[PDB]
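One chain comes next, on its own, written out as structure tokens in the form solved without the DNA.
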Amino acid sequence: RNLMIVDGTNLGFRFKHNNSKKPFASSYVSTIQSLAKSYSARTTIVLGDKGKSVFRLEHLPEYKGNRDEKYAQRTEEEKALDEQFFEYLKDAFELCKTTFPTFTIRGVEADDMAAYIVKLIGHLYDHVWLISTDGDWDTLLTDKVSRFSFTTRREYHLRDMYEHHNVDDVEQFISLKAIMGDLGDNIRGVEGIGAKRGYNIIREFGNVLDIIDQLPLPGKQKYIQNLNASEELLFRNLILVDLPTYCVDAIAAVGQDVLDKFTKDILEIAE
């Protein structure tokens, strides 16, 4: 049998997208029941996000701050919509507490937990299926851990790292994130180097850190010039995007005690 780890909030937003007026708690869980049934799940795990990350915020105070800007400018009607959704998200998360183990730790994101769970009990299953539409989860991809999105109805394995992410492996995808930037999570990257232009430098010189050693890099191009004068930036970005390496840390940030309760809480279900 397999293990399934869903992206509680990500799915919520999907339901919201489809319709931001109708309650979706009921179908929400049913969707996680069919899926679990389908992926021969043995342990279904539901994880939702709650508050900004404590780990990231430290290495970057303005982390996801753009998302706060957006709420600030929302109209009285849209703000209401946002609150409506979240309410429905909470309810969708409460109903879940009746069928699937649901976790939430204020200060810790979801990708930080799912990486821990996988790192923690992954070996106890044949496969591991993560339910999300967030390609950032693809940093956990292996030949025994993949992801499935509804927004496309596509599954994602490792061999597909080039078509879906313009890189060859997890370490690469990371470095590309720490180099190119993540407009979403509000993270500044080298001015001038995107996916295609960034992968090249990664294919030639290596990964972020391997590249740090090598600076200054040759070439007279500005994005190259900019690159050479943005080392400090790569260090910070690498710790914000390298999910599989800093997750434990990201959890211990909100408490060496919380991390413990979560650890025992997982194995309890895994066993």
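Throughout, we count residues from 1 along the sequence that is shown.
This next part talks about the form solved in complex with the DNA, which is not shown.
Q: Exactly one residue in 193, 187, 174, 118 has a non-hydrogen atom within 4.5 Å of the DNA in the deposited complex; which is it?
A: Only one listed residue qualifies here, and that residue is 193.
Q: Only one of 88, 125, 100, 150 comes within 4.5 Å of the DNA in the deposited complex by heavy atoms, so just point that one out.
A: Spelling it out, the residue with a heavy atom inside the cut-off is 150.
Q: Report whether the minimum heavy atom distance between residue 20 and the DNA in the deposited complex is within 4.5 Å.
A: Residue 20: yes, in contact with the DNA in the deposited complex.
Q: Do residue 134 and the DNA come within 4.5 Å of each other in the deposited complex, heavy atoms counted?
A: Yes.
Q: Can residue 168 be called a contact residue for the DNA in the deposited complex at 4.5 Å between heavy atoms?
A: No, residue 168 stays farther than 4.5 Å from the DNA in the deposited complex.
Q: Indicate whether the DNA has at least one heavy atom within 4.5 Å of a heavy atom of residue 50 in the deposited complex.
A: Yes, residue 50 lies within 4.5 Å of the DNA in the deposited complex.
Q: Counting only non-hydrogen atoms and a 4.5 Å threshold, tell me whether 58, 71 and 78 all contact the DNA in the deposited complex.
A: Verified in the deposited complex; spot residues all in contact, yes.
Q: Want to guess which of 241-249, 227-235, 63-71, 209-217 is within 4.5 Å of the DNA in the deposited complex, heavy atoms only?
A: Correct option: 63-71.
Q: Listed by sequence position, which residues of 98-119 have a non-hydrogen atom within 4.5 angstroms of the DNA in the deposited complex?
A: Read in sequence order, the lone residue that approaches the DNA (within 4.5 Å, in the deposited complex) is 106.
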